[PDB]
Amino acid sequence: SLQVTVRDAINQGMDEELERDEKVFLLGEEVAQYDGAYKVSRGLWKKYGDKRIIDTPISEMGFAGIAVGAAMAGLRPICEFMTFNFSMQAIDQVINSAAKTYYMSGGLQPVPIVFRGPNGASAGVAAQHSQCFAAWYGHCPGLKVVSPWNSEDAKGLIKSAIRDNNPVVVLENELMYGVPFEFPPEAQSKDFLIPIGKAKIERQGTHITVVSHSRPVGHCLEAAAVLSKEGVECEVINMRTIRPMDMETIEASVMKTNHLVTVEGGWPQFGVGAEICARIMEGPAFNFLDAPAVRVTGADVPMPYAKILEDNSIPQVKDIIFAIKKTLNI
């Protein structure tokens, strides 16, 4: 019905939840008067004021901890990390203070909080600013982890994230913020919600299952477009949730295609693809495989600066196509 960028979709989601529940509030570095480091929170401070949209000092462990305490007390904070690379300084509060508390308290202390911000590779930001944290967070019990790709994913997941009464990590993508998508009236509604824990088939297919999350989803669709011209039909699956991942949807797809390729932007060892592949081998879909499942990931090095090096440190469409052809043996 209309063109909406991922950035604007997230903004709509937050704006709507703030209007709906007075207990919701946003805090982080440059989220208010600066209109957001990547302009995701633009206009919110002007509309809601100092009490609801809070600019913070550069003290990650501290404001993440404050956010968790406010949640324990009954509020529903949205804690933004400029990039998740910086969340490493505050990762103890996310894991030991937020994720484990409901369980440790025997179901007495819930923690309704959301941690969001860009994750993974960007453009020429080098090693300390290009790390993907999907596998790290998805590894921890008591936490829910999502990684939206397009505008619909973004709005639907942030709203659901905010209404959930447990800690939810929303791993966004800086390169996706400015990408426009066709936004249907259903997504425009203030009641639009995407369930956490359910994957989405972005393209129906019969020759091979291609699973991914975040930005790479777009490259998988591009790869599918190219392969389609050669008679190869790819079923592209958008994970949406990292924890708890929707393995049922992936297994059902493999039972039809007999082939699987995983695509992620993060480092290979102990990554997202590793878990999917291990789950496939432990599940009922293993016998439906006609070829071993293979993984497309970022190169196993800290992210280099030079253009040509960075380009070969992140999965390209040609790398996705190459792996798919190896799997189908064509």
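Each residue number is its position in the shown sequence, starting from 1. So that the term is clear: the rigid core is the largest set of C-alpha atoms that superpose within 1.5 Å between two forms.
- For the pair 28 to 36 and 277 to 285, rigid core superposition yields a higher RMS C-alpha distance in 8 other deposited structures of this protein in 28 to 36.
- The question of which stretch, 282 to 290 or 301 to 309, has the higher mean Cα B factor is settled in favour of 282 to 290.
- Legend: mean Cα B-factor per stretch from the PDB entry, 41 to 49 versus 265 to 273; the higher mean is in 41 to 49.
- When the C-alpha B-factors of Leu175, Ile242, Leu75, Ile158 are ranked from the entry, the top spot goes to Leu175.
- Residues shown: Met247, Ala134, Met82, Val168. Highest C-alpha temperature factor in the entry: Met247.
- Per-chain ranking of the deposited C-alpha B factor places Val179 in the middle third.
- Among all modelled residues in its chain, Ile314 ranks in the highest third by Cα B-factor.
- Residue-level temperature factors show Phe86 in the lowest third of its chain, judged at the C-alpha atom.
- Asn119: CA B factor in the lowest third of modelled residues in this chain (values from the PDB entry).
- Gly197: CA B factor lies in the middle third for its chain, per the PDB record.
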